[PDB]
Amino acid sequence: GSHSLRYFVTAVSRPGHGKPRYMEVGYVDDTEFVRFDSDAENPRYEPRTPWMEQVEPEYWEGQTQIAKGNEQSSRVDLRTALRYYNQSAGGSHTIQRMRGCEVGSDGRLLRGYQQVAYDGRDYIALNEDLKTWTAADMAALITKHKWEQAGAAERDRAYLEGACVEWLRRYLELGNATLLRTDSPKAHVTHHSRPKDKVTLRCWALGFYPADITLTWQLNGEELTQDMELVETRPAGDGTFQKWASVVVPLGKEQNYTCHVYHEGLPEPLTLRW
């Protein structure tokens, strides 16, 4: 498996009173490990897993610094945004950013990226080529020309191939004995009566890490989706995940339906039958 280091950042202009809040969250392989949060009095980056607490005192000094920088720019970006879109003056708005790296297990960069969204929608995104931008709309074109003029693209490209890789690799080593673990899902099928002589079979997957999984119901013919409800993968809140997938069957015909669970923490894929 490849791995990622991603930062997800949010700026929210509060209506009348308040100033913008600002939040900076970073994730190694989709596990949170550092957070920064504007509302605190003691606004500081902080460890979010046990293995980041082991880190050189001045790591934080450094990261906190950058956060205040970015915080300040956010305030300004929000005001800029407002003027690009000619928006009514009184409302609550949002700027969000994501950037990070996925690198293979051989240690080479796979994809680097950085995207901004305004009020929940795509604004601008660095292209996979790491040197051209994609504007989502006419306001973002203003920024794109700014960033083209400011050589922004080169600075991000340098960080993505530079600091992020180096640090990704370095965070893995730190919490190496946890982010690499693999818990396999425990599955069962439940049964439920239904109006008209219909039956909900529901296929459960519990206790798995990492989150990625595939639950499918096959009517002995491999393919099945028509009338097949499944929920988004959800955290059980102990480090593991949960998911289920249900299907409705004519009463009497339960045995014809098999559930299949694919997950990387399994010797081999489970099949289940009521």
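Numbering starts at 1 and follows the sequence shown.
The PDB entry records a higher mean C-alpha B factor for 168 to 176 than for its counterpart among 168 to 176 and 150 to 158. In this entry, 223 to 231 shows the higher mean Cα temperature factor of the pair 240 to 248 and 223 to 231. Across 194, 93, 188, 79, the greatest Cα temperature factor reported in the deposited entry is at 194. Residue 55 sits in the highest third of its chain by CA B factor, as recorded in the PDB entry. For residue 69, the recorded CA temperature factor ranks within the middle third of the chain's modelled residues. The deposited CA B-factor of residue 183 belongs to the highest third of values across its chain. Residue 261: CA B factor lies in the middle third for its chain, per the PDB record.
Looking at the C-alpha B-factors along this chain, the one for residue 206 belongs to the lowest third.
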